[PDB]
Amino acid sequence: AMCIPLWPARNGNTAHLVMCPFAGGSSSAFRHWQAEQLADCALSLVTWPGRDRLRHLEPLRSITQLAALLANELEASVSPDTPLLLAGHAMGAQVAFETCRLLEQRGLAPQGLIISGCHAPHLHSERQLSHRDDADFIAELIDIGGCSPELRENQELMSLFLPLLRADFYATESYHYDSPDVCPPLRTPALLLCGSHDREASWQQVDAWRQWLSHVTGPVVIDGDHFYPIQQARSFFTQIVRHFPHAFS
């Protein structure tokens with residue numbers, strides 16, 4: 001399975017929030033979320049093939065392929081009576097969106113979609129990595145903020161991490177549509193989140209998601225940098241819960 005549980009539901013709550021990680025993300029990046037349950041829904045994290053319990057798989061290079069795997073898994077494993085919330089940050093927002101598209105089309109009625117810190121699908125990220133050589137690729141990763149300069153000094157760490165990171169970044173950068181009219185807008189209620197000082201996704205880049213979403217609130221600004229979902233977890237979960245009161249009741 002791609003999904004790993006982080007929180008069980010508590011206090012009689014029936015909702016299930018499924019989080020799609022950013023490029024290069026893995027379970028260790030979300031350990032702070034396990035330190036403390038911040039809302040009563042069940043919470044699961046999606047694992048990209050190639051790491052964690054899925055180390056034996058080759059990493060995928062397509063957002064829509066990842067979304068197909070996830071949508072099939074959720075259709076098989078989530079009761080139609082469970083209020084399902086799909087969330088994603090950066091690359092994960094693209095997967096969450098495409099997963100929501102498949103589930104909505106199949107008649108499965110996700111209760112909410114949370115798009116965080118990601119440019120819209122008819123745009124490109126202002127920072128691009130896939131065309132760069134290893135040293136320049138790593139410098140960009142370090143600048144983003146989730147990578148140690150120790151990676152540069154160990155060719156074995158580079159030989160392990162670069163195939164994974166390059167697969168993820170190729171997937172997220174090659175994901176692009178010429179215009180929002182390539183498919184119908186999604187009707188699942190949606191929340192857009194961005195970071196006050198997120199250097200990777202400006203307010204304008206996130207706001208452009210309104211081209212793709214018929215029932216949408218935001219952007220709602222969380223004070224923080226690109227890693228606000230983790231570093232400002234309390235604010236992140238507060239905004240999710242506040243905006244989907246139906247799902248949490």
# chains A, B, ... in the order shown; residues from 1 in each chain; ligands from 1
call {"tool": "closest_atom_pairs", "arguments": {"of": "segment 27-94 of chain A", "to": "segment 111-128 of chain A", "cutoff": "8 Å", "atoms": "only C-alpha atoms", "output": "JSON lines"}}
result
{"residue": "A:83", "atom": "CA", "partner": "A:111", "partner_atom": "CA", "distance": 5.7}
{"residue": "A:84", "atom": "CA", "partner": "A:111", "partner_atom": "CA", "distance": 5.4}
{"residue": "A:85", "atom": "CA", "partner": "A:112", "partner_atom": "CA", "distance": 4.7}
{"residue": "A:86", "atom": "CA", "partner": "A:113", "partner_atom": "CA", "distance": 4.9}
{"residue": "A:87", "atom": "CA", "partner": "A:114", "partner_atom": "CA", "distance": 4.4}
{"residue": "A:88", "atom": "CA", "partner": "A:115", "partner_atom": "CA", "distance": 5.7}
{"residue": "A:89", "atom": "CA", "partner": "A:116", "partner_atom": "CA", "distance": 4.6}
{"residue": "A:90", "atom": "CA", "partner": "A:118", "partner_atom": "CA", "distance": 4.4}
{"residue": "A:91", "atom": "CA", "partner": "A:118", "partner_atom": "CA", "distance": 7.0}
{"residue": "A:93", "atom": "CA", "partner": "A:115", "partner_atom": "CA", "distance": 5.0}
{"residue": "A:94", "atom": "CA", "partner": "A:121", "partner_atom": "CA", "distance": 7.6}
call {"tool": "write_last_selection", "arguments": {"atoms": "N, CA and C atoms", "output": "PDB file, in the first residue's frame"}}
result
ATOM      1  N   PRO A  83     -16.001  10.188   5.427  1.00  0.00           N
ATOM      2  CA  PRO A  83     -15.650  11.466   4.786  1.00  0.00           C
ATOM      3  C   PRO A  83     -14.158  11.522   4.494  1.00  0.00           C
ATOM      4  N   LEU A  84     -13.802  11.585   3.216  1.00  0.00           N
ATOM      5  CA  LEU A  84     -12.413  11.565   2.773  1.00  0.00           C
ATOM      6  C   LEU A  84     -11.978  12.977   2.418  1.00  0.00           C
ATOM      7  N   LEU A  85     -10.860  13.398   2.997  1.00  0.00           N
ATOM      8  CA  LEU A  85     -10.198  14.649   2.649  1.00  0.00           C
ATOM      9  C   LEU A  85      -8.845  14.341   2.024  1.00  0.00           C
ATOM     10  N   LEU A  86      -8.587  14.887   0.842  1.00  0.00           N
ATOM     11  CA  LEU A  86      -7.305  14.719   0.167  1.00  0.00           C
ATOM     12  C   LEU A  86      -6.527  16.014   0.260  1.00  0.00           C
ATOM     13  N   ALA A  87      -5.272  15.940   0.681  1.00  0.00           N
ATOM     14  CA  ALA A  87      -4.413  17.108   0.808  1.00  0.00           C
ATOM     15  C   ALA A  87      -3.057  16.829   0.172  1.00  0.00           C
ATOM     16  N   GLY A  88      -2.393  17.880  -0.289  1.00  0.00           N
ATOM     17  CA  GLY A  88      -1.030  17.744  -0.770  1.00  0.00           C
ATOM     18  C   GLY A  88      -0.323  19.072  -0.763  1.00  0.00           C
ATOM     19  N   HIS A  89       0.999  19.028  -0.588  1.00  0.00           N
ATOM     20  CA  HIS A  89       1.856  20.206  -0.587  1.00  0.00           C
ATOM     21  C   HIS A  89       2.857  20.098  -1.730  1.00  0.00           C
ATOM     22  N   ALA A  90       2.976  21.167  -2.507  1.00  0.00           N
ATOM     23  CA  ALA A  90       3.925  21.249  -3.627  1.00  0.00           C
ATOM     24  C   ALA A  90       3.621  20.107  -4.595  1.00  0.00           C
ATOM     25  N   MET A  91       4.571  19.235  -4.927  1.00  0.00           N
ATOM     26  CA  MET A  91       4.271  18.116  -5.815  1.00  0.00           C
ATOM     27  C   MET A  91       3.044  17.356  -5.343  1.00  0.00           C
ATOM     28  N   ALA A  93       0.388  18.363  -3.978  1.00  0.00           N
ATOM     29  CA  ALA A  93      -0.878  18.981  -4.372  1.00  0.00           C
ATOM     30  C   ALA A  93      -1.299  18.539  -5.768  1.00  0.00           C
ATOM     31  N   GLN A  94      -0.336  18.352  -6.668  1.00  0.00           N
ATOM     32  CA  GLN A  94      -0.645  17.903  -8.017  1.00  0.00           C
ATOM     33  C   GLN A  94      -1.211  16.495  -7.985  1.00  0.00           C
TER      34      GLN A  94
END
call {"tool": "residues_around", "arguments": {"residues": "residue 76 of chain A", "least_positions_apart": "6", "cutoff": "12 Å", "atoms": "only C-alpha atoms", "output": "list in words"}}
result
residues 1, 69, 70, 103 and 108 of chain A
call {"tool": "closest_atom_pairs", "arguments": {"of": "segment 172-200 of chain A", "to": "segment 10-23 of chain A", "cutoff": "12 Å", "atoms": "only C-alpha atoms", "output": "Markdown table"}}
result
| residue | atom | partner | partner_atom | distance |
| --- | --- | --- | --- | --- |
| A:172 | CA | A:23 | CA | 7.5 |
| A:173 | CA | A:23 | CA | 10.2 |
| A:200 | CA | A:22 | CA | 11.6 |
call {"tool": "residues_around", "arguments": {"residues": "residue 181 of chain A", "least_positions_apart": "2", "cutoff": "10 Å", "atoms": "only C-alpha atoms", "output": "PyMOL selection string"}}
result
chain A and resi 122+177-179+183-185+211-212
call {"tool": "write_last_selection", "arguments": {"atoms": "C-alpha atoms", "output": "PDB file, in the first residue's frame"}}
result
ATOM      1  CA  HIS A 122      -1.397  25.532 -16.420  1.00  0.00           C
ATOM      2  CA  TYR A 177      -1.503  21.493 -19.217  1.00  0.00           C
ATOM      3  CA  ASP A 178      -1.778  24.076 -21.970  1.00  0.00           C
ATOM      4  CA  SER A 179      -4.967  25.562 -20.516  1.00  0.00           C
ATOM      5  CA  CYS A 183     -10.841  19.116 -18.669  1.00  0.00           C
ATOM      6  CA  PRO A 184     -13.877  20.033 -16.585  1.00  0.00           C
ATOM      7  CA  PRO A 185     -13.288  21.862 -13.310  1.00  0.00           C
ATOM      8  CA  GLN A 211      -9.151  28.224 -12.925  1.00  0.00           C
ATOM      9  CA  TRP A 212      -9.507  24.498 -12.130  1.00  0.00           C
TER      10      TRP A 212
END
call {"tool": "select_by_dssp", "arguments": {"residues": "segment 25-193 of chain A", "states": "alpha helix (DSSP H)", "output": "PyMOL selection string"}}
result
chain A and resi 31-34+63-77+91-105+134-144+155-174
call {"tool": "closest_residue", "arguments": {"among": "A:71, A:147, A:29, A:100", "to": "residue 229 of chain A", "atoms": "only C-alpha atoms"}}
result
A:29
call {"tool": "atom_distance", "arguments": {"atom1": "atom CA of residue 139 of chain A", "atom2": "atom CA of residue 162 of chain A"}}
result
12.4 Å
call {"tool": "residues_around", "arguments": {"residues": "segment 45-53 of chain A", "least_positions_apart": "3", "cutoff": "8 Å", "atoms": "only C-alpha atoms", "output": "number ranges by chain"}}
result
A: 2-6, 18-21, 26-27, 56-60, 66, 164
call {"tool": "residues_around", "arguments": {"residues": "residue 222 of chain A", "least_positions_apart": "5", "cutoff": "8 Å", "atoms": "only C-alpha atoms", "output": "VMD selection string"}}
result
chain A and resid 193 to 196 228 232 235 to 236
call {"tool": "write_last_selection", "arguments": {"atoms": "N, CA and C atoms", "output": "short mmCIF file (atom, residue, chain, number, x, y, z; two decimals), in the first residue's frame"}}
result
data_model
loop_
_atom_site.label_atom_id
_atom_site.label_comp_id
_atom_site.auth_asym_id
_atom_site.auth_seq_id
_atom_site.Cartn_x
_atom_site.Cartn_y
_atom_site.Cartn_z
N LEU A 193 -4.03 26.84 0.17
CA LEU A 193 -3.13 27.35 1.19
C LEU A 193 -1.83 27.80 0.54
N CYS A 194 -1.27 28.89 1.06
CA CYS A 194 0.06 29.33 0.66
C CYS A 194 0.77 29.87 1.89
N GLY A 195 2.08 30.05 1.75
CA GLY A 195 2.92 30.52 2.84
C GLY A 195 3.33 31.98 2.67
N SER A 196 3.28 32.73 3.77
CA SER A 196 3.59 34.15 3.71
C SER A 196 4.97 34.41 3.12
N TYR A 228 6.00 25.23 5.87
CA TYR A 228 4.96 25.54 6.84
C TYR A 228 4.06 24.36 7.21
N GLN A 232 4.79 24.76 10.85
CA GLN A 232 3.62 25.46 11.38
C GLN A 232 2.42 24.53 11.31
N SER A 235 -1.05 25.73 12.61
CA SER A 235 -1.78 26.60 11.69
C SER A 235 -2.33 25.81 10.50
N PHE A 236 -1.53 24.90 9.95
CA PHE A 236 -1.94 24.10 8.79
C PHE A 236 -3.20 23.30 9.11
#
call {"tool": "select_by_dssp", "arguments": {"residues": "segment 34-164 of chain A", "states": "strand (DSSP E)", "output": "PDB file with C-alpha atoms, in the first residue's frame"}}
result
ATOM      1  CA  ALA A  42      -7.572   9.746  11.001  1.00  0.00           C
ATOM      2  CA  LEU A  43      -4.459  10.903   9.143  1.00  0.00           C
ATOM      3  CA  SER A  44      -2.458   8.907   6.611  1.00  0.00           C
ATOM      4  CA  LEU A  45       0.633   9.807   4.586  1.00  0.00           C
ATOM      5  CA  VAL A  46       1.155   8.692   0.981  1.00  0.00           C
ATOM      6  CA  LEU A  84     -12.413  11.565   2.773  1.00  0.00           C
ATOM      7  CA  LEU A  85     -10.198  14.649   2.649  1.00  0.00           C
ATOM      8  CA  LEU A  86      -7.305  14.719   0.167  1.00  0.00           C
ATOM      9  CA  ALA A  87      -4.413  17.108   0.808  1.00  0.00           C
ATOM     10  CA  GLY A  88      -1.030  17.744  -0.770  1.00  0.00           C
ATOM     11  CA  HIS A  89       1.856  20.206  -0.587  1.00  0.00           C
ATOM     12  CA  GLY A 112     -12.620  18.038   0.446  1.00  0.00           C
ATOM     13  CA  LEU A 113      -9.404  18.839  -1.435  1.00  0.00           C
ATOM     14  CA  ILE A 114      -6.563  20.866   0.134  1.00  0.00           C
ATOM     15  CA  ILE A 115      -4.032  22.316  -2.347  1.00  0.00           C
ATOM     16  CA  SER A 116      -1.013  23.773  -0.517  1.00  0.00           C
TER      17      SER A 116
END
call {"tool": "atom_distance", "arguments": {"atom1": "atom CA of residue 166 of chain A", "atom2": "atom CA of residue 63 of chain A"}}
result
13.5 Å
call {"tool": "closest_residue", "arguments": {"among": "A:152, A:176, A:61, A:187", "to": "residue 213 of chain A", "atoms": "only C-alpha atoms"}}
result
A:187
call {"tool": "atom_distance", "arguments": {"atom1": "atom CA of residue 240 of chain A", "atom2": "atom CA of residue 78 of chain A"}}
result
19.8 Å
call {"tool": "closest_residue", "arguments": {"among": "A:165, A:137, A:248, A:64", "to": "residue 101 of chain A", "atoms": "only C-alpha atoms"}}
result
A:64
